[PDB]
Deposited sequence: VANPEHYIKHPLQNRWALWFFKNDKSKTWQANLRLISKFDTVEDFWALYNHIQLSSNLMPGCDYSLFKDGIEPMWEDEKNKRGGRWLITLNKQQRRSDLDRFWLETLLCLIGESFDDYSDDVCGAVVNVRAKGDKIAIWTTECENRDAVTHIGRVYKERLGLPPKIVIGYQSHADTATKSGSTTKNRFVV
């Protein structure tokens, strides 16, 4: 009876990355691949082992990306895409950060965007002294239907109120303005 002894496979294999601002190293060399996983059980084993984002010192990041997509704009699957940005004030580090990040991870591994989950590349949490941020990265900022569906589902998944707006920015624009709001 497979149910009892088989791990539950995920649709994708995912890689968890960590970044810390060590000024003695190049940006690229400070980026650090923690682990890959591709089952429900292996996700929880990894998540339960590592620090909550709210416990990271300012200047650190986690990211979760589909295996083979590096968490930087330069990657072939990121350079024409962009992100849905969640901005958190200093008081939301305590109230919302960790639960928003966990929810974001589950939206990814649970493929919660239906047909358009294929457009998802990963997600990034930035812990910063001026304010934390969470973003889902998608692969094509011109994909109006995919991007807006991802944004609508995401916003409801976080339980954000309908008086709040979240914005979607292309990476190319970020590197030097919202393309969509939801």
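**Q** Could you list, start to end, the deposited-sequence stretches with no C-alpha atoms?
**A** Unobserved in coordinates, per deposited numbering: 1-2, 179-184.
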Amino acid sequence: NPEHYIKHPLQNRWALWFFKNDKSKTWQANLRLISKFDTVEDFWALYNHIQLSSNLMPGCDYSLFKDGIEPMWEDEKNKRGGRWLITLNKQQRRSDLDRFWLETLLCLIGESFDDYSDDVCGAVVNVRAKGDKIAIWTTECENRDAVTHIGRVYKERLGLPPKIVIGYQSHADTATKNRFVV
From here on, numbers count along this sequence of modelled residues.
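Rigid core: the largest C-alpha set superposing within 1.5 Å between the two forms.
**Q** Given a rigid core fit, name the stretch, 111-119 or 22-30, whose C-alphas are on average farther from the form shown here in 8 other deposited structures of this protein.
**A** More C-alpha displacement in 8 other deposited structures of this protein shows up in 22-30.
**Q** Which has the higher mean CA temperature factor in the PDB entry, 120-128 or 31-39?
**A** Here the higher of the two C-alpha B-factor means belongs to 31-39.
**Q** Looking only at CA atoms, which has the higher mean B factor in the entry: 95-103 or 108-116?
**A** The stretch with the larger mean CA B-factor is 108-116.
**Q** When the CA B-factors of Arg144, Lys66, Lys155, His49 are compared as recorded in the entry, which is the largest?
**A** Comparing C-alpha B-factors across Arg144, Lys66, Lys155, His49, the top value belongs to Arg144.
**Q** Would you mind ranking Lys177 by its C-alpha B-factor against the rest of the chain and naming the third, lowest, middle or highest?
**A** As the PDB entry reports it, the C-alpha B-factor of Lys177 lands in the highest third of its chain.
**Q** Mind checking which third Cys60 falls in for C-alpha B-factor across the chain?
**A** Answer is middle: the recorded C-alpha B-factor places it there.
**Q** C-alpha B factor of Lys7, ranked within the chain: lowest, middle or highest third?
**A** According to the entry, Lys7 has a C-alpha B-factor in the chain's lowest third.
**Q** Consider only the C-alpha atoms of the modelled residues in this chain, order them by B-factor as the entry records it, and name the third containing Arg13: lowest, middle or highest.
**A** For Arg13, the deposited C-alpha B-factor lands in the lowest third.
**Q** Using the B-factors in the PDB entry, rank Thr26's C-alpha atom against the chain and give the third, lowest, middle or highest.
**A** Highest third.
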